[PDB]
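In what follows, one protein chain appears twice in different forms, each by itself as structure tokens: structure 1 and structure 2.
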Structure 1
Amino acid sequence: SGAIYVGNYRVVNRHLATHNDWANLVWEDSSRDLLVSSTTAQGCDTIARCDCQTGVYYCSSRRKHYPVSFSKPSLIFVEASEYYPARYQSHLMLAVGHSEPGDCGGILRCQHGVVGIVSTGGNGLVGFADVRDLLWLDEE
């Protein structure tokens, strides 16, 4: 589990969104595994606006932050889970790292700010849903 709190937005994995998220919906995209809801309180996270390919992510199944090298956002085939059919997930970045299904939500960050959140993985892989192209998270 986990979310990004930027401005008056909450960014979560679409597959982990709550009823309150769906009842206060700003935007959702199944192909990216992302959903954004509105918040009453202002958040403290800042979004990175860059093309970094190195950063650090939080892994809840190890209580640890790991430094990683990761691929550029791409269209990558993801194996069937309890949330999605085997399919093509867009704007996904992969790295070598430990990951398990409850780790979705952990933040990946670079020197510029938050890059994205854990969305996939398995066999020493971890996939991150990028958020750096969502420029509207910085306003309104």
Structure 2
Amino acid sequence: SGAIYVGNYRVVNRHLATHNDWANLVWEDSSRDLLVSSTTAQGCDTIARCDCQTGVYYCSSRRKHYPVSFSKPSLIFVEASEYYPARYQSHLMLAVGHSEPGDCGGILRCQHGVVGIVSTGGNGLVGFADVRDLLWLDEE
């Protein structure tokens, strides 16, 4: 689990979105595993605006933050998980590292701020849904 809190937006994995998220929907995209809902309180996070390929991510199933190198966001085949069938996921970055289903929502961060959240795992990789292209998260 986990979210990004930027402005009056809450960014969550689409598959973990609650009824309250869907009732306060701003934007969602199944292909990216993202959903954004509106918040009452302002959040603490800053979104990275950059093309970094190095950062640090939180792994709940290890209680640890790991430094990783990661691929640029691309359209990637993802094998079946407990929460999606085998399918193509867009705007996905991969790194070598540990990820289980419950790790989804952990933040990946670089020197510029939040890059994305954990969205995929298995076979010794961790996949992250990028948010750095969602420039509208920084306004309104």
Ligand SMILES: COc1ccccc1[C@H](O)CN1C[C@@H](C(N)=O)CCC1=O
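Only residues modelled in both forms are compared. Here the rigid core means the biggest group of C-alpha atoms that line up within 1.5 Å when the two forms are laid on top of each other. Counting starts at 1 and follows the sequence of structure 1.
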- prompt: Quick one, which of these two is the form solved without the named molecule?
  reply: 2
task: Quick one: how many Å does the C-alpha of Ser74 shift between structures 1 and 2 once the rigid core is superposed?
output: 0.3
task: Keeping the rigid core fixed, work out how far the Cα of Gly124 travels between structures 1 and 2, to one decimal in Å.
output: 1.2
- line: When only the core is superposed, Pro85 shows a C-alpha shift between structures 1 and 2 in angstrom of 2.1
- request: Using only residues present in both forms, find each stretch of at least 3 consecutive residues where all Cα shifts reach 2 Å or more between structures 1 and 2, with the core as the superposition reference, and list them in order along the sequence.
  value: 81 to 83
